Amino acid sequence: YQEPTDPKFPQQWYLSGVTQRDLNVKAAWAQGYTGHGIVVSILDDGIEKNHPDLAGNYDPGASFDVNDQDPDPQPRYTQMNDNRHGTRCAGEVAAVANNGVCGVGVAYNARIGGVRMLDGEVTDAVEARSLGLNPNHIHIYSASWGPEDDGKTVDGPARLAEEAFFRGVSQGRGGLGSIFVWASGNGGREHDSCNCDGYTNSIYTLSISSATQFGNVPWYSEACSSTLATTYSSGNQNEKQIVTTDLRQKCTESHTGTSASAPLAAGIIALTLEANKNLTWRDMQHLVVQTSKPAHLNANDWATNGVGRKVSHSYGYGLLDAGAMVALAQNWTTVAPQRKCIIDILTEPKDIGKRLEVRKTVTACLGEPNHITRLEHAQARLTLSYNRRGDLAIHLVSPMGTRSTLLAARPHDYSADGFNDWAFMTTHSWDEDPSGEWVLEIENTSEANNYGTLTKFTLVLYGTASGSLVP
């Protein structure tokens, strides 16, 4: 195998490293996987389809302009170099290799397109038309953004966008399911807590956070239980950044944020789908859980779950490992159909006050076709009132003892609107048996005399009852 000759490939340290601080992509390329036959779309502010490092891989069938209602996602050029972000992300996935220009994509033989959706008013219809673009042609969608990362917003897909997620995972990709890759957010300096973003908090999105070059949690990272894994991105000014294609037929060495991590994950997922085109949207999440690597990622919250895997709210299961992903994909056995076990927990509404603990022992639908002995995602769908939402911290403990933070205190969230059936999601109990005692903790983290009531707690378990591996 011959590594790329592109002039900036040596600067793509997260691919080209010799010292084990990388995504192990060369190992996948050397197994023969480069993304050939896979189609990825960047949901962002447009794509410069004529960029010298994108044109050779550009796919009009992966592209649309939902802001101006036309097929051509070319960016709107301005003095301030607005509308460059989609082009940067596209190159991360699929910049052409061995052509003397910039660097390379993770999946440098994949086809790449973009949806111009963020350069205008983003409505539910705009989102649904983007997530639902050409779902039997596009395999993987990469989205780096969502509701405002101000540390005070709780929002997620409205009805059309949610319907687009379920149509995508159910009928998309010939019934195997569209793969939606999401960035978990850039709200770290606002103390944002990413389960409050319903896009990354969705089970249907494969959510990705960031690590800096020296293996630390970047300033912009949001912690939450819904994240599944990590890719490298930017950090402090002594740490390198992401090197990729830029608007106006240029390169950049200064692409940054969690919004630069999701495209790298989308590229790795593209290599993995080349290795086994029959993988379902759930299979892909299983592969990420099993192959991601905590080693050398620094966080104070690494915890071992009930099946012996280390998990963090900053990093999920750790750094994606492309060589391991493609290797495990090749002989992967499709997971069993997805079951869903619904447990309405409360017998009466519960005053929250300073602290509330709710304990319930469940059988996880014993005796039913939705009996789950092998969990995937779990949700605590909560309906509660509270006088100052951001003073709440919420945790969920599984029968195996795994303590998932569903919500951390958000100092800027002054809302008095509470949570209206908000489906807080955790990936940290993946592969555990969910039968037994679950514990929900709601705490007022402030010294103020705050008040409210929990009126509904639905525990929703997804998973199967077959196929488990030794812890």
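In case it trips you up, residue 1 is the first one in the sequence shown, and so on.
Trainee: Which has the higher mean CA temperature factor in the PDB entry, 180-188 or 354-362?
Mentor: Looking at the recorded C-alpha B-factors, 354-362 comes out higher on average.
Trainee: Per the PDB record, is the mean Cα temperature factor higher over 25-33 or over 44-52?
Mentor: Per the PDB record, 25-33.
Trainee: Using the temperature factors in the entry, find which of 419, 58, 430, 424 has the highest value at its Cα atom.
Mentor: When the deposited C-alpha B-factors of 419, 58, 430, 424 are compared, 58 is largest.
Trainee: For the listed residues 390, 175, 157, 257, which one has the largest C-alpha B-factor as given in the deposited model?
Mentor: Spelled out: the listed residue with the top C-alpha B-factor is 175.
Trainee: Could you tell me which third, lowest, middle or highest, the C-alpha B-factor of residue 457 occupies within its chain?
Mentor: According to the entry, residue 457 has a C-alpha B-factor in the chain's middle third.
Trainee: Compare the C-alpha B factor of residue 113 with those of the other modelled residues in its chain, then answer lowest, middle or highest third.
Mentor: Its C-alpha B-factor, which the entry lists for residue 113, ranks in the middle third among residues of this chain.
Trainee: Taking the entry's C-alpha B-factors for this chain, is residue 62 in the lowest, middle or highest third?
Mentor: As the PDB entry reports it, the C-alpha B-factor of residue 62 lands in the highest third of its chain.
Trainee: Could you say whether, by C-alpha temperature factor, residue 71 belongs to the lowest, middle or highest third of its chain?
Mentor: For residue 71, whose C-alpha B-factor we compare with every modelled residue in the chain, the answer is the highest third.
Trainee: Among the modelled residues of its chain, does the C-alpha B-factor of residue 152 lie in the lowest, middle or highest third?
Mentor: According to the entry, residue 152 has a C-alpha B-factor in the chain's middle third.
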